[PDB]
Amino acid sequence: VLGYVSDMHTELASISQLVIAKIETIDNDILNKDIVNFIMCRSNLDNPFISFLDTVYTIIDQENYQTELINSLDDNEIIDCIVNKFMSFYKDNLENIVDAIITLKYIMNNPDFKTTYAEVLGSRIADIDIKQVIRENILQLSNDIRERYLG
């Protein structure tokens, strides 16, 4: 659309390499604000991890389906989803963390659920510390995403 030179295999390889090259230059508090902003559809694509997330979101390409699905959920089901996905931030699996962030973005794409839950999500994301889990796992996760979603 705007800003991919080549295919998504190249894009994922290249952006995952940029994340590993730059993740030490990004302060944790700034990383977490950038994650919140991505979830709320105010991406800063200059943060390579947020460019990674945006690329993965685009590759998955399920925004319309997940919107319809999330519309069918009640508040109890959404609370369950939020609590379930949030715990990934405290664990050592990056794939789950990336899934959590993207799921939260889908949920914040629903204006009722954004109104109810955006403040608490912003407050709790501020307390996470995921830089080591990104470092340790991003290259592999890039390969796993290529294998699963691309040709």
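Note that residue numbering begins at 1 and tracks the sequence as displayed.
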| message | So, looking at the entry's B-factor column for Cα atoms, which has the higher mean, 7 to 15 or 129 to 137? | response | 7 to 15
| Given the B-factors recorded for C-alpha atoms, which segment has the greater mean, 65 to 73 or 99 to 107? | 65 to 73
| message | Using only the C-alpha B-factors in the record, can you name which of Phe113, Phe86, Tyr57, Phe49 has the highest? | response | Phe113
| task | Among the candidates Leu53, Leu94, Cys41, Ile35, give the one with the maximum CA B-factor reported in the record. | result | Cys41
| Modelled-residue ranking by C-alpha temperature factor, third containing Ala118 | middle
| said: Considering every modelled residue of the chain and its Cα B-factor in the PDB entry, is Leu45 in the lowest, middle or highest third? | reply: middle
